[PDB]
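S.K.: quick one: experimental structure and sequence below.
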Amino acid sequence: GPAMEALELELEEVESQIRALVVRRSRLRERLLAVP
Amino acid sequence: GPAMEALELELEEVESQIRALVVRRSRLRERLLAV
């Protein structure tokens, strides 16, 4: 129903935002290893 | 040096954001599994 659909959408959003932050974290860690 | 210090700060910021989003993910999953 509507309530489940709303929650499922919110879950998809949060998962996508986490994936993006994790890519950023990996990139920043790579950089950290590239400076003095 | 300063470049490492800057990257370490950004890494702290990103981690805090991830941790908060992971808690939300858990809460939402819980609700759906409570159906």
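M.R.: That came through, no problem. Numbering: from 1, shown residues only, chains lettered A, B, ... in the order given.

S.K.: how about the residue nearest the centre of chain A, nearest residue that isn't a chain neighbour?
M.R.: When chain A is reduced to its mean C-alpha position, the closest residue under C-alpha atoms, centre = their mean turns out to be residue A:18, at 1.6 Å. With sequence-adjacent residues excluded and distances taken as C-beta to C-beta, 6 or more residues apart in numbering or on different chains, residue A:18 is closest to residue B:21, at 5.0 Å. Yep, even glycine has a C-beta here, placed from its N, CA and C like the rest.

S.K.: list the contacts of the one you found.
M.R.: For residue B:21, the contacting residues are A:14, A:17, A:18, A:21, by C-beta atoms under 8 Å, 6 or more residues apart in numbering or on different chains.

S.K.: next, the first one: secondary structure please.
M.R.: Applying DSSP: H, G, I helix; E, B strand; the rest coil to residue A:14 yields a three-state assignment of helix.

S.K.: circling back: the host helix or strand of the residue nearest to the centre of chain A to helix B:2-33, inter-axis angle?
M.R.: Element membership for residue A:18 (DSSP states H and E) is helix A:2-32. If you take axes from the mean of the first three to the mean of the last three C-alpha atoms, to 10 degrees, helix A:2-32 sits at 160 degrees to helix B:2-33.

S.K.: noted, bye for now.
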